[PDB]
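Asker: As input, take query.cif (mmCIF, C-alpha atoms):
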data_target
loop_
_atom_site.label_atom_id
_atom_site.label_comp_id
_atom_site.auth_asym_id
_atom_site.auth_seq_id
_atom_site.Cartn_x
_atom_site.Cartn_y
_atom_site.Cartn_z
CA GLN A 46 -34.13 90.96 -5.96
CA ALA A 47 -32.43 88.31 -3.81
CA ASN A 48 -35.09 86.32 -1.95
CA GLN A 49 -32.32 85.28 0.47
CA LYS A 50 -32.28 88.89 1.73
CA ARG A 51 -35.69 90.57 1.92
CA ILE A 52 -35.44 94.05 3.43
CA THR A 53 -39.12 94.64 4.21
CA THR A 54 -40.61 94.10 7.64
CA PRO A 55 -41.22 90.49 8.77
CA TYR A 56 -44.59 91.61 10.15
CA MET A 57 -47.86 91.63 8.26
CA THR A 58 -49.13 95.18 8.02
CA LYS A 59 -52.67 96.04 9.06
CA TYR A 60 -53.46 96.68 5.40
CA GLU A 61 -51.96 93.35 4.36
CA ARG A 62 -54.06 91.59 6.99
CA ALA A 63 -57.18 93.44 5.84
CA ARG A 64 -56.73 92.69 2.14
CA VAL A 65 -55.56 89.11 2.66
CA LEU A 66 -58.56 88.36 4.87
CA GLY A 67 -60.97 89.96 2.41
CA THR A 68 -59.44 88.18 -0.57
CA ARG A 69 -59.44 84.78 1.12
CA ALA A 70 -63.00 85.31 2.36
CA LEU A 71 -64.10 86.03 -1.21
CA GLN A 72 -62.24 82.92 -2.39
CA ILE A 73 -64.00 80.80 0.24
CA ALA A 74 -67.33 82.38 -0.71
CA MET A 75 -66.60 81.34 -4.31
CA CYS A 76 -66.23 77.69 -3.23
CA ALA A 77 -62.48 77.52 -2.82
CA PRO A 78 -61.15 74.68 -0.65
CA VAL A 79 -60.63 75.52 3.00
CA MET A 80 -57.20 74.80 4.47
CA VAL A 81 -58.26 74.49 8.12
CA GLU A 82 -60.87 72.36 9.83
CA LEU A 83 -64.33 73.77 10.49
CA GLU A 84 -66.68 73.17 13.40
CA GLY A 85 -69.77 75.01 12.17
CA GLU A 86 -68.44 78.14 10.50
CA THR A 87 -70.36 79.27 7.42
CA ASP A 88 -69.29 82.93 7.22
CA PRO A 89 -66.32 83.31 4.81
CA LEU A 90 -64.76 86.02 7.00
CA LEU A 91 -64.66 83.74 10.04
CA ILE A 92 -63.13 80.95 7.96
CA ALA A 93 -60.51 83.33 6.57
CA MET A 94 -59.58 84.57 10.04
CA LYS A 95 -59.32 80.96 11.24
CA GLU A 96 -57.02 80.22 8.30
CA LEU A 97 -54.90 83.28 9.12
CA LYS A 98 -54.61 82.27 12.78
CA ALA A 99 -53.67 78.77 11.63
CA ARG A 100 -51.21 80.33 9.14
CA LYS A 101 -52.88 78.37 6.32
CA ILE A 102 -53.89 81.02 3.77
CA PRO A 103 -52.43 80.13 0.32
CA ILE A 104 -51.64 83.71 -0.70
CA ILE A 105 -48.34 85.45 -1.45
CA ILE A 106 -48.00 89.17 -0.75
CA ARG A 107 -45.94 90.93 -3.42
CA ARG A 108 -44.62 94.04 -1.68
CA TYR A 109 -43.34 96.60 -4.17
CA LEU A 110 -40.33 98.74 -3.33
CA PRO A 111 -39.99 102.38 -4.43
CA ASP A 112 -37.10 101.48 -6.75
CA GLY A 113 -39.44 99.14 -8.66
CA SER A 114 -38.35 95.73 -7.38
CA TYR A 115 -40.57 93.55 -5.22
CA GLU A 116 -40.44 91.02 -2.40
CA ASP A 117 -42.72 87.97 -2.20
CA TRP A 118 -43.79 86.90 1.30
CA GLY A 119 -45.99 83.94 2.09
CA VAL A 120 -48.76 84.69 4.55
CA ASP A 121 -47.25 81.95 6.73
CA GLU A 122 -43.85 83.67 6.60
CA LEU A 123 -45.12 86.94 8.10
CA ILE A 124 -45.73 87.66 11.78
CA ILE A 125 -49.45 88.12 12.47
CA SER A 126 -49.97 90.51 15.38
CA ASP A 127 -53.72 91.24 15.44
CA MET B 1 -45.06 76.61 -42.92
CA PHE B 2 -44.90 74.75 -39.61
CA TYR B 3 -43.24 76.61 -36.75
CA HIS B 4 -42.62 75.59 -33.16
CA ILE B 5 -42.71 78.71 -30.97
CA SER B 6 -43.36 79.96 -27.45
CA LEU B 7 -46.61 81.73 -26.64
CA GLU B 8 -48.36 83.54 -23.80
CA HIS B 9 -51.92 83.01 -22.65
CA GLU B 10 -54.03 83.98 -19.64
CA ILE B 11 -56.74 81.74 -18.23
CA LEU B 12 -59.52 82.72 -15.84
CA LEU B 13 -60.42 79.76 -13.64
CA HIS B 14 -63.93 79.27 -12.38
CA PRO B 15 -63.53 78.96 -8.63
CA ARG B 16 -64.72 75.35 -8.48
CA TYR B 17 -61.23 74.16 -9.60
CA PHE B 18 -59.07 75.32 -6.67
CA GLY B 19 -57.40 72.47 -4.74
CA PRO B 20 -55.35 69.38 -5.51
CA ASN B 21 -55.07 68.44 -9.19
CA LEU B 22 -55.47 72.11 -10.09
CA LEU B 23 -52.44 72.47 -12.40
CA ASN B 24 -53.49 69.50 -14.49
CA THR B 25 -56.86 71.22 -14.89
CA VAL B 26 -54.99 74.38 -15.92
CA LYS B 27 -53.06 72.56 -18.63
CA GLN B 28 -56.18 70.77 -19.82
CA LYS B 29 -57.96 74.12 -19.95
CA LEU B 30 -55.19 75.58 -22.10
CA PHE B 31 -55.33 72.52 -24.36
CA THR B 32 -59.07 72.93 -24.72
CA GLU B 33 -58.98 76.61 -25.53
CA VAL B 34 -56.00 77.36 -27.72
CA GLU B 35 -55.64 74.12 -29.72
CA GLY B 36 -57.56 74.16 -32.98
CA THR B 37 -57.69 77.96 -32.89
CA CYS B 38 -56.20 80.16 -35.60
CA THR B 39 -54.67 83.63 -35.34
CA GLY B 40 -53.82 86.06 -38.12
CA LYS B 41 -50.63 86.92 -36.24
CA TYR B 42 -49.29 83.40 -35.66
CA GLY B 43 -51.23 81.61 -38.35
CA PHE B 44 -52.94 78.43 -37.36
CA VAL B 45 -52.16 76.88 -33.94
CA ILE B 46 -51.51 73.18 -34.60
CA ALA B 47 -51.14 71.88 -31.06
CA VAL B 48 -49.61 72.69 -27.70
CA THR B 49 -46.48 70.63 -27.20
CA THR B 50 -45.31 71.63 -23.73
CA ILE B 51 -46.02 74.15 -20.98
CA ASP B 52 -42.80 75.81 -19.87
CA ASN B 53 -44.04 77.76 -16.86
CA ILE B 54 -47.27 78.51 -15.03
CA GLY B 55 -47.32 82.12 -13.87
CA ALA B 56 -48.52 82.93 -10.39
CA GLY B 57 -52.23 83.36 -9.92
CA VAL B 58 -53.26 87.00 -9.57
CA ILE B 59 -56.60 87.71 -7.93
CA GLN B 60 -58.64 90.12 -9.95
CA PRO B 61 -60.68 92.77 -8.08
CA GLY B 62 -64.16 91.39 -7.57
CA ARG B 63 -65.47 88.41 -9.52
CA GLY B 64 -62.56 86.43 -7.86
CA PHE B 65 -61.67 84.59 -11.08
CA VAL B 66 -57.98 83.94 -10.50
CA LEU B 67 -55.80 84.75 -13.50
CA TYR B 68 -52.91 82.54 -14.63
CA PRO B 69 -50.41 83.48 -17.33
CA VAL B 70 -49.03 80.38 -19.06
CA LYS B 71 -45.83 80.20 -21.11
CA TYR B 72 -45.94 77.30 -23.54
CA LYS B 73 -44.24 75.90 -26.61
CA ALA B 74 -46.59 74.93 -29.40
CA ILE B 75 -46.73 73.99 -33.07
CA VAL B 76 -48.21 76.55 -35.46
CA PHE B 77 -48.53 76.65 -39.25
CA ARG B 78 -48.09 80.05 -40.96
CA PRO B 79 -47.31 80.39 -44.69
CA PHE B 80 -45.58 83.38 -46.20
CA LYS B 81 -45.62 85.20 -49.50
CA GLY B 82 -43.61 83.51 -52.23
CA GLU B 83 -43.42 80.21 -50.33
CA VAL B 84 -43.58 77.03 -52.41
CA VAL B 85 -45.49 74.28 -50.62
CA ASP B 86 -46.97 70.86 -51.28
CA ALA B 87 -50.78 70.99 -51.49
CA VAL B 88 -53.65 68.56 -52.18
CA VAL B 89 -56.40 69.26 -54.70
CA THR B 90 -59.68 68.52 -52.93
CA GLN B 91 -62.20 69.96 -55.40
CA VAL B 92 -62.00 71.46 -58.90
CA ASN B 93 -64.12 74.10 -60.61
CA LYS B 94 -64.10 76.24 -63.73
CA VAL B 95 -62.97 79.16 -61.57
CA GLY B 96 -59.95 77.18 -60.44
CA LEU B 97 -58.54 74.79 -57.85
CA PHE B 98 -59.48 74.75 -54.16
CA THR B 99 -56.58 72.93 -52.53
CA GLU B 100 -55.75 72.21 -48.90
CA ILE B 101 -52.40 72.79 -47.22
CA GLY B 102 -52.91 70.90 -43.99
CA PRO B 103 -55.44 72.97 -42.07
CA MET B 104 -55.42 75.78 -44.62
CA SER B 105 -57.63 76.18 -47.63
CA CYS B 106 -55.82 77.62 -50.63
CA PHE B 107 -57.21 78.84 -53.95
CA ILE B 108 -55.65 78.79 -57.39
CA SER B 109 -57.65 80.89 -59.84
CA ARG B 110 -58.05 80.03 -63.48
CA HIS B 111 -55.60 82.77 -64.44
CA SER B 112 -53.05 81.37 -61.98
CA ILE B 113 -53.29 77.87 -63.57
CA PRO B 114 -51.04 77.93 -66.67
CA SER B 115 -52.46 78.62 -70.09
CA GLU B 116 -51.88 75.06 -71.30
CA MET B 117 -54.54 73.73 -68.93
CA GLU B 118 -58.23 73.73 -69.91
CA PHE B 119 -61.10 72.82 -67.61
CA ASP B 120 -62.93 69.61 -68.50
CA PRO B 121 -66.09 69.15 -66.40
CA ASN B 122 -67.00 66.32 -68.76
CA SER B 123 -64.18 64.11 -67.48
CA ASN B 124 -65.34 61.35 -65.15
CA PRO B 125 -63.69 63.29 -62.39
CA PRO B 126 -63.87 66.93 -63.43
CA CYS B 127 -60.25 67.88 -63.84
CA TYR B 128 -57.79 70.16 -65.54
CA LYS B 129 -55.83 68.85 -68.50
CA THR B 130 -53.93 69.80 -71.60
CA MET B 131 -55.45 68.91 -74.96
CA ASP B 132 -53.03 66.00 -75.03
CA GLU B 133 -53.97 64.96 -71.46
CA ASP B 134 -50.23 64.74 -70.73
CA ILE B 135 -50.54 66.69 -67.47
CA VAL B 136 -53.91 66.18 -65.78
CA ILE B 137 -54.74 67.90 -62.48
CA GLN B 138 -57.75 66.36 -60.77
CA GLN B 139 -58.92 65.80 -57.21
CA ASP B 140 -56.55 64.25 -54.65
CA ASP B 141 -53.53 65.11 -56.82
CA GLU B 142 -50.38 66.42 -55.16
CA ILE B 143 -49.23 69.79 -56.43
CA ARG B 144 -46.61 72.40 -55.67
CA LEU B 145 -47.74 76.00 -55.54
CA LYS B 146 -46.45 79.43 -54.61
CA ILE B 147 -48.59 81.22 -52.04
CA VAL B 148 -49.12 84.53 -53.84
CA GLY B 149 -51.70 85.80 -51.34
CA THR B 150 -52.72 85.31 -47.73
CA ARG B 151 -55.98 86.61 -46.29
CA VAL B 152 -57.32 86.43 -42.73
CA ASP B 153 -61.04 85.85 -42.19
CA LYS B 154 -62.49 85.50 -38.67
CA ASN B 155 -59.09 84.40 -37.31
CA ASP B 156 -58.91 81.78 -40.12
CA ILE B 157 -56.31 82.18 -42.88
CA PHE B 158 -56.90 81.09 -46.46
CA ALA B 159 -54.32 81.54 -49.19
CA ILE B 160 -54.01 82.20 -52.90
CA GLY B 161 -51.85 79.93 -55.02
CA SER B 162 -50.01 80.27 -58.30
CA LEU B 163 -48.39 77.79 -60.67
CA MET B 164 -46.61 80.23 -63.00
CA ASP B 165 -42.92 79.63 -62.61
CA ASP B 166 -41.02 76.43 -63.24
CA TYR B 167 -41.12 73.27 -61.11
CA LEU B 168 -44.76 73.66 -60.08
CA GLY B 169 -47.95 71.75 -60.74
CA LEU B 170 -48.51 68.00 -60.68
CA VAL B 171 -46.11 66.03 -58.52
CA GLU C 14 -45.08 93.28 -46.23
CA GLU C 15 -43.73 89.78 -45.53
CA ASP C 16 -42.01 87.74 -48.24
CA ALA C 17 -40.59 84.23 -48.23
CA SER C 18 -39.06 84.79 -51.67
CA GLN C 19 -37.22 87.92 -50.47
CA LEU C 20 -36.73 86.35 -47.01
CA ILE C 21 -38.77 89.06 -45.27
CA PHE C 22 -40.44 87.75 -42.10
CA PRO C 23 -42.09 89.60 -39.20
CA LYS C 24 -40.14 90.10 -35.96
CA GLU C 25 -42.35 87.42 -34.37
CA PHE C 26 -40.53 84.65 -36.34
CA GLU C 27 -36.75 85.10 -36.04
CA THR C 28 -35.89 83.07 -32.96
CA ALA C 29 -38.76 80.81 -34.01
CA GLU C 30 -37.54 77.27 -34.68
CA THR C 31 -38.67 75.67 -37.92
CA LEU C 32 -40.12 72.17 -38.25
CA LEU C 33 -40.38 69.51 -40.93
CA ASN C 34 -43.58 67.86 -42.10
CA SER C 35 -41.98 64.66 -40.81
CA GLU C 36 -41.11 66.23 -37.45
CA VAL C 37 -44.61 67.69 -37.21
CA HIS C 38 -45.96 64.29 -38.20
CA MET C 39 -44.17 62.40 -35.45
CA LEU C 40 -45.13 64.98 -32.83
CA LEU C 41 -48.75 64.82 -34.00
CA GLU C 42 -48.66 61.01 -33.87
CA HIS C 43 -47.40 61.30 -30.30
CA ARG C 44 -50.20 63.76 -29.52
CA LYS C 45 -52.64 61.28 -31.05
CA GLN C 46 -51.23 58.66 -28.71
CA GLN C 47 -51.86 60.95 -25.74
CA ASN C 48 -55.40 61.67 -26.93
CA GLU C 49 -56.13 57.97 -27.49
CA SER C 50 -55.16 57.12 -23.93
CA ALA C 51 -55.96 59.43 -21.00
CA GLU C 52 -59.72 59.29 -21.42
CA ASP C 53 -62.17 61.94 -20.19
CA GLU C 54 -60.33 64.36 -22.49
CA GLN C 55 -61.66 66.10 -25.58
CA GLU C 56 -61.03 64.62 -29.01
CA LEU C 57 -58.52 66.29 -31.29
CA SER C 58 -59.88 69.01 -33.52
CA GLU C 59 -60.77 68.45 -37.16
CA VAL C 60 -57.99 70.88 -37.88
CA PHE C 61 -55.67 68.47 -36.09
CA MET C 62 -57.08 65.83 -38.43
CA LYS C 63 -56.42 67.79 -41.61
CA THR C 64 -52.90 68.76 -40.60
CA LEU C 65 -52.05 65.25 -39.40
CA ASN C 66 -53.24 63.77 -42.69
CA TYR C 67 -51.35 66.41 -44.67
CA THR C 68 -48.08 65.87 -42.81
CA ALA C 69 -48.72 62.12 -43.11
CA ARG C 70 -49.08 62.26 -46.88
CA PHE C 71 -45.97 64.39 -47.54
CA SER C 72 -43.70 63.02 -44.81
CA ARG C 73 -40.49 62.30 -46.69
CA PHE C 74 -38.87 60.60 -43.66
CA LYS C 75 -40.50 57.76 -41.74
CA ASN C 76 -37.78 57.45 -39.08
CA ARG C 77 -36.89 59.68 -36.12
CA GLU C 78 -33.09 59.48 -36.33
CA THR C 79 -33.14 59.98 -40.10
CA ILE C 80 -35.02 63.23 -39.49
CA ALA C 81 -32.48 64.21 -36.84
CA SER C 82 -29.62 63.43 -39.24
CA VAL C 83 -31.18 65.46 -42.08
CA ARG C 84 -31.51 68.30 -39.63
CA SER C 85 -27.95 67.90 -38.33
CA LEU C 86 -26.22 67.79 -41.72
CA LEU C 87 -28.01 70.83 -43.04
CA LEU C 88 -27.27 72.80 -39.83
CA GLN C 89 -23.59 72.05 -40.49
CA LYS C 90 -24.30 73.82 -43.80
CA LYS C 91 -24.75 77.58 -43.46
CA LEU C 92 -28.43 78.21 -44.16
CA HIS C 93 -31.53 79.88 -42.74
CA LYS C 94 -33.99 77.83 -40.69
CA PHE C 95 -36.61 78.65 -43.32
CA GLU C 96 -34.33 77.35 -46.07
CA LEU C 97 -33.49 74.36 -43.83
CA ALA C 98 -37.05 73.21 -43.31
CA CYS C 99 -38.19 74.21 -46.78
CA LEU C 100 -35.47 72.15 -48.50
CA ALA C 101 -36.08 69.20 -46.18
CA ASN C 102 -39.84 69.40 -46.85
CA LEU C 103 -39.45 69.74 -50.62
CA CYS C 104 -36.50 67.49 -51.37
CA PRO C 105 -35.54 69.26 -54.64
CA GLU C 106 -33.74 67.16 -57.23
CA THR C 107 -31.61 69.69 -59.10
CA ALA C 108 -29.79 72.83 -58.03
CA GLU C 109 -31.92 74.81 -60.46
CA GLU C 110 -34.93 73.22 -58.77
CA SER C 111 -33.60 74.46 -55.45
CA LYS C 112 -33.18 77.99 -56.82
CA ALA C 113 -36.58 78.03 -58.54
CA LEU C 114 -38.38 76.59 -55.52
CA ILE C 115 -36.34 78.57 -52.97
CA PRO C 116 -35.25 81.86 -54.60
CA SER C 117 -33.52 82.86 -51.35
CA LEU C 118 -30.63 80.56 -52.39
CA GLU C 119 -29.67 82.91 -55.25
CA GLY C 120 -25.90 83.34 -55.15
CA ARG C 121 -25.65 81.73 -51.69
CA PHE C 122 -23.88 78.51 -52.72
CA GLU C 123 -22.34 77.17 -55.89
CA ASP C 124 -24.68 74.81 -57.70
CA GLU C 125 -22.28 71.88 -57.24
CA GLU C 126 -21.97 72.27 -53.46
CA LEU C 127 -25.73 72.76 -53.26
CA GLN C 128 -26.15 69.70 -55.48
CA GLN C 129 -24.16 67.49 -53.12
CA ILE C 130 -26.19 68.91 -50.21
CA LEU C 131 -29.27 67.75 -52.13
CA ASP C 132 -27.78 64.32 -52.73
CA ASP C 133 -27.12 64.05 -48.99
CA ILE C 134 -30.81 64.76 -48.40
CA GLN C 135 -31.93 62.29 -51.07
CA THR C 136 -29.71 59.47 -49.81
CA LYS C 137 -31.06 60.04 -46.30
CA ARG C 138 -34.61 59.89 -47.72
CA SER C 139 -36.21 56.65 -46.57
CA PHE C 140 -38.11 54.10 -48.63
CA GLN C 141 -41.79 53.45 -47.98
CA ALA D 1466 -52.70 103.57 -0.71
CA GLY D 1467 -53.08 101.34 2.33
CA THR D 1468 -54.61 98.10 1.08
CA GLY D 1469 -53.59 99.00 -2.49
CA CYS D 1470 -49.84 99.44 -1.92
CA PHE D 1471 -49.11 95.77 -2.70
CA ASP D 1472 -50.30 92.82 -4.78
CA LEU D 1473 -51.62 89.40 -3.80
CA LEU D 1474 -50.63 86.21 -5.62
CA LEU D 1475 -52.08 82.74 -5.27
CA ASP D 1476 -49.69 80.19 -3.76
CA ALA D 1477 -49.95 77.13 -5.98
CA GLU D 1478 -47.55 75.09 -3.86
CA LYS D 1479 -49.63 75.65 -0.71
CA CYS D 1480 -53.14 74.97 -2.02
CA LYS D 1481 -52.24 71.28 -1.54
#
Using structure tokens, write down the structure that the file contains.

Answerer:
Amino acid sequence: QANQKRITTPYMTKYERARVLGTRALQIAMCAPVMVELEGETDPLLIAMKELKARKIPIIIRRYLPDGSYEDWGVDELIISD
Amino acid sequence: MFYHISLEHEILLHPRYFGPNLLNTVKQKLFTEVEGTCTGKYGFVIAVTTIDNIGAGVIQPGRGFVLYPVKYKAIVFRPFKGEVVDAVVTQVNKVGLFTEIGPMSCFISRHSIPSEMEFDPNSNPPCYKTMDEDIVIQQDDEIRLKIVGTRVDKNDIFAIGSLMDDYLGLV
Amino acid sequence: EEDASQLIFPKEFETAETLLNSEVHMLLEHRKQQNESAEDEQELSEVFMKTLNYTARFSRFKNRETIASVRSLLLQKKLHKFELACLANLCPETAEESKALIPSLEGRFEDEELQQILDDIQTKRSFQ
Amino acid sequence: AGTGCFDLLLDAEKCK
């Protein structure tokens, strides 16, 4: 599939947001480096949401198409609504 | 026989290693694990020459250990049946010769040593020799042998040698 | 099920590229150079030791470009990679030694053409 | 279904 033309939505779905936040929160809880600055946050979920708001989550969403191909979107490339 | 081939491997990283310098840790982890190992499929794994590509991390469900496929070219040593190879005689016994082909141990039984050769434990080095002593096989000698058998044991291959046909034996 | 004499190999080793004890030797020497420097790295395995010593003892070529030339000439000759690296590792002296050591060469070449191939190998063999 | 209709991959070039 041509990465120059990705047909899927440029928005992050609610399910993508949910799973990305959960995954990154688990990664933080397992002592992964944090990409944003931290005032006093110790809850991995809060840190993951701060990273998502900052657009600094190092995860790629591989969206599968019904035909079998896939499209890779960086979390910073998608439009975060909520 | 020494091959250079491409291989696939998956590594599970403890989470402590995420950050800068991570890929170098990935390569060093591959070097640690696969080098020195031996597989019945690919024979012994001599060393990892080069890493072609690092596959994208995939997050496993739970347990968060990220999983990296690695494509890499490496040197392996895998004999085959009927192959003639240079070997070194490390120890001798009445049963036969235990020789080494690089990493591999290879055995030549007394029946596989030709009939002209008799075992002499009495020699200062125990050795094999003809009554005339014309051809004497003792430790450290270089020999040529056919691999007439290969056997895998706990991922480690050891072979069976034979000196029957022409152009074999002492070099 | 696999035979070198009958030239039967598993589907894993067809595109596999063969090596010479001299090629393996030089690559292992290079790997030894990387392990010597770049500290805080594990020492090479005892298996690495045994194979390095083996390929050191039987290395018939002590020079890089000589190895490359041996390779290149024999690739100009129509032969299997297994026959390529086996002949280069063995350095047979007589065409009947090539056929006894490598039975896969039965009927492939005439013993005179094979003999001159051998003499090309032997002349490229380096003194030590 | 929902959160399972896609895969997540680690972004090696962005962990820096």

Asker: Leaving out residue D:1478 and any residue of its chain fewer than 2 positions from it, which residues lie within 12 Å of it when counting all atoms listed in the file, given as a count of residues only?

Answerer: 20

Asker: Could you tell me which of A:112, A:122, A:84, A:61 comes closest to chain D if we count all atoms listed in the file?

Answerer: A:61

Asker: List as a PyMOL selection string the residues having at least one atom at most 12 Å from position (-36.6, 77.4, -57.3) as given in the file, counting all atoms listed in the file.

Answerer: (chain B and resi 82-85+144-146+164-168) or (chain C and resi 18+96+99-100+103-119)

Asker: Specify as an NGL selection string all residues of chain B found within 6 Å of chain C, counting all atoms listed in the file.

Answerer: :B and (2-5 or 36 or 80-83 or 102-103)

Asker: If we count all atoms listed in the file and set the cut-off at 10 Å, which residues sit around residue B:93, ignoring sequence neighbours fewer than 5 positions away in its own chain? Please answer as a PyMOL selection string.

Answerer: chain B and resi 98+109-110+119-121+126-128

Asker: Hey, can you check how far atom CA of residue A:89 sits from atom CA of residue B:10?

Answerer: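 Going from atom CA of residue A:89 over to atom CA of residue B:10, I get 27.4 Å.
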
Asker: Any chance you could work out the residue set of the PyMOL selection byres ((chain B and resi 137) around 7) here, as a list in words?

Answerer: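 Checked against the file, the PyMOL selection byres ((chain B and resi 137) around 7) matches residues 127, 128, 129, 135, 136, 138, 141 and 170 of chain B.
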
Asker: Keeping only C-alpha atoms, write the selected residues as a short mmCIF file (atom, residue, chain, number, x, y, z; two decimals), in the coordinates of the input.

Answerer:
data_model
loop_
_atom_site.label_atom_id
_atom_site.label_comp_id
_atom_site.auth_asym_id
_atom_site.auth_seq_id
_atom_site.Cartn_x
_atom_site.Cartn_y
_atom_site.Cartn_z
CA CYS B 127 -60.25 67.88 -63.84
CA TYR B 128 -57.79 70.16 -65.54
CA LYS B 129 -55.83 68.85 -68.50
CA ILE B 135 -50.54 66.69 -67.47
CA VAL B 136 -53.91 66.18 -65.78
CA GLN B 138 -57.75 66.36 -60.77
CA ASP B 141 -53.53 65.11 -56.82
CA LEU B 170 -48.51 68.00 -60.68
#

Asker: As JSON, what would the box around stretch 1-4 of chain B look like: edges along x, y and z, 8 Å added on every side, centre and edge lengths in Å to one decimal?

Answerer:
{"center_x": -43.8, "center_y": 75.7, "center_z": -38.0, "size_x": 18.4, "size_y": 17.9, "size_z": 25.8}

Asker: Do you have the atom CA of residue B:70-atom CA of residue D:1469 distance handy?

Answerer: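 We find that atom CA of residue B:70 and atom CA of residue D:1469 lie 25.3 Å from each other.
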
Asker: Do you know which residues the PyMOL selection byres ((chain C and resi 87) around 12) returns on this file, as number ranges by chain?

Answerer: C: 80-86, 88-101, 127, 129-134, 137

Asker: Within 12 Å of chain D, which residues of chain A are there when counting all atoms listed in the file? Please give them as a VMD selection string.

Answerer: chain A and resid 57 to 69 72 77 to 81 100 to 111 113 to 121

Asker: Quick one: distance from atom CA of residue B:111 to atom CA of residue B:139 in Å, one decimal?

Answerer: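 Separation of atom CA of residue B:111 and atom CA of residue B:139: 18.7 Å.
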
Asker: Might you spell out which residues the PyMOL selection byres ((chain B) within 10 of (chain A)) would select in the displayed file, as a VMD selection string?

Answerer: chain B and resid 14 to 20 56 to 66

Asker: When you count all atoms listed in the file, which of these residues is closest to chain D: B:91, B:55, B:42, B:115?

Answerer: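 Result for the nearest residue to chain D: B:55.
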
Asker: Would you mind listing what lies within 10 Å of residue B:38 as a count of residues only, with all atoms listed in the file counted and same-chain residues fewer than 6 positions away left out?

Answerer: 14
